[PDB]
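FYI, the numbering just counts along the sequence from 1. Note: hydrogens, waters and symmetry copies are ignored here, and every other heavy atom, side chains too, is used.
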Amino acid sequence: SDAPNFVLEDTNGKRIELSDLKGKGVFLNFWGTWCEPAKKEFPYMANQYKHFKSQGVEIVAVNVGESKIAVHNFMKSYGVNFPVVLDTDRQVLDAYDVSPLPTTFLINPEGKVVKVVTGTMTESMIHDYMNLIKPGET
């Protein structure tokens, strides 16, 4: 199943188009600052990304309708080191038909969804999910 394409701005104002990431595995995470699990999971994600960025895994962490200030505050408080984009009007959340937050779509280098994850993720689970979608062994 093809992952719905979208264009959003990242927290530095850079245009990110999902299809631009083909050839990489994509860890597509929907979240808000009201997700107490994200306070746990974002540091885990950041920590795993130190390894998986150079294995061809990209994170796209889609913030669901919050202001740039509230998103920046959260990224700083929780040591985010990965791309975060602003779904300001929730249209991307709606296209993915996402209800429970956080929700993660694991997308392969071919641009297909291989797994949808809801509920809590341990750092071990995050490691294995990234391993699932990485394009090589680099």
Side-chain angles (χ1 to χ4, degrees):
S1 201
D2 298 323
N5 200 23
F6 66 85
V7 181
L8 293 176
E9 286 180 9
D10 80 11
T11 52
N12 302 321
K14 182 182 75 189
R15 198 186 173 277
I16 302 189
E17 178 162 15
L18 179 66
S19 58
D20 286 356
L21 296 168
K22 261 182 185 69
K24 294 194 163 179
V26 180
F27 188 107
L28 183 67
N29 176 252
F30 290 85
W31 67 283
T33 63
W34 64 86
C35 299
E36 291 290 325
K39 294 175 187 190
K40 212 174 167 158
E41 284 158 24
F42 270 27
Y44 295 165
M45 284 164 59
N47 205 46
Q48 291 302 321
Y49 190 64
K50 295 165 172 160
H51 175 77
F52 287 97
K53 180 171 184 195
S54 76
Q55 299 289 303
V57 180
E58 189 55 284
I59 297 164
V60 180
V62 185
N63 179 270
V64 173
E66 295 175 287
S67 73
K68 168 105 110 225
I69 182 69
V71 172
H72 170 266
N73 287 348
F74 195 94
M75 288 164 73
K76 190 189 186 198
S77 293
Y78 297 104
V80 172
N81 68 347
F82 49 78
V84 177
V85 296
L86 305 160
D87 189 21
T88 60
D89 55 6
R90 297 169 58 112
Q91 291 181 30
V92 179
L93 169 104
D94 286 347
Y96 273 78
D97 187 29
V98 176
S99 342
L101 293 178
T103 283
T104 303
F105 300 80
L106 302 172
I107 299 171
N108 64 23
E110 294 95 359
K112 319 296 211 263
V113 175
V114 301
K115 194 178 193 191
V116 181
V117 181
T118 65
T120 42
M121 303 183 289
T122 60
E123 195 173 6
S124 183
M125 285 170 62
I126 296 165
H127 176 274
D128 292 348
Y129 293 152
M130 292 186 181
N131 189 52
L132 170 62
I133 66 183
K134 71 178 182 171
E137 298 172 76
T138 313

#### Entry: Single-linkage hydrophobic cluster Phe82~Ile16, side-chain heavy atoms < 4.5 angstrom
no

### Task
Can you measure from CG (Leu86) to NE2 (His72) and round to the nearest 0.5 angstrom?
12.0 Å

### Task
Any pair with a residue in residues 95-104 that passes side chain to side chain donor-acceptor pair (under 3.5 Å), sequence neighbours left out, goes on the list, sorted by first then second residue, please.
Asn29-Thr104

### Query
Under 4.5 Å between side-chain heavy atoms, hopping through other hydrophobics if needed: is there a path connecting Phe27 to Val85?
no

### Closest non-hydrogen atom pair between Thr120 and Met125, with its separation
O-CE, 3.4 Å

### Query
Between the main-chain N or O of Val26 and the side-chain N or O of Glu58, is there a donor-acceptor pair closer than 3.5 Å?
no

### Approximate separation, where rounding is to 0.5 Å, of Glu66 CD and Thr88 OG1
12.0 Å

### Summary
What one should report as the nearest heavy-atom pair of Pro4 and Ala95 is CG-O, 4.3 Å

### Query
Which other residues end up in the same hydrophobic cluster as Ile69, if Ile, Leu, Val, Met, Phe, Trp and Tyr are linked when side-chain heavy atoms come under 4.5 Å apart?
none

### Residue pairs fulfilling salt bridge (charged side-chain N to carboxylate O under 4.0 Å, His left out) with at least one residue in residues 98-127, sequence neighbours excluded
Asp2-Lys112

### Message
So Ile107 and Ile133, do their side chains get closer than 4.5 Å, heavy atoms only?
### Response
no

### Task
Enumerate the residue pairs fulfilling salt bridge (charged side-chain N to carboxylate O under 4.0 Å, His left out) with a member in residues 78-91, sequence neighbours excluded, ordered by first and then second residue.
none

### Task
Give the minimum heavy-atom separation between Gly56 and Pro135, together with the two atoms involved.
O-CD, 3.2 Å

## Note on the structure
So CG of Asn81 and CE of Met45: to nearest 0.5 Å the spacing works out to 9.0 Å

### Smallest separation among heavy atoms of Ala3 and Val113, with atom names
CB-CG2, 3.9 Å

### Euclidean distance, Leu106 CG relative to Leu132 CG, rounded to 0.5 Å
6.0 Å

### Message
Are the side chains of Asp10 and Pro83 in contact, using a 4.5 Å heavy-atom criterion?
### Response
no

#### Entry: Centroid separation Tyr44 to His127 less than 6.0 Å
no

### Message
Please list all pairs meeting salt bridge (charged side-chain N to carboxylate O under 4.0 Å, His left out) that have one or both residues in residues 37-57, counting only residues at least two apart or in different chains.
### Response
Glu36-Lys39

### Same apolar cluster (I L V M F W Y, side chains within < 4.5 Å links), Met121/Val98
no

### Task
Could you check if a side-chain atom of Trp34 sits within less than 4.5 angstrom of a side-chain atom of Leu101, using non-hydrogen atoms only?
yes

### Task
Identify the heavy atoms of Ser54 and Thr138 that sit nearest to each other, and give their distance.
O-CB, 3.6 Å

### Message
Once you measure the plane-to-plane angle for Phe74 and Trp31, does it fall in the parallel (<30°), tilted (30-60°) or perpendicular (>60°) bin?
### Response
tilted

### Task
Quick one: list whatever passes side-chain contact (heavy atoms from CB on, under 4.5 Å) with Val7, sequence neighbours left out.
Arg15, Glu17

### Query
For the atom pair CE (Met130) and CD (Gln55), what is the distance rounded to the nearest 0.5 Å?
12.0 Å

#### Entry: Co-membership, hydrophobic cluster, residues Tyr129 and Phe42, 4.5 Å side-chain
yes

### Query
Taking all non-hydrogen atoms of both residues, which atom of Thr33 and which atom of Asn63 are closest, and how far apart?
N-ND2, 4.3 Å

### Message
If hydrophobic clusters are built from ILVMFWY residues whose side chains come within less than 4.5 Å, do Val64 and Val60 share one?
### Response
yes

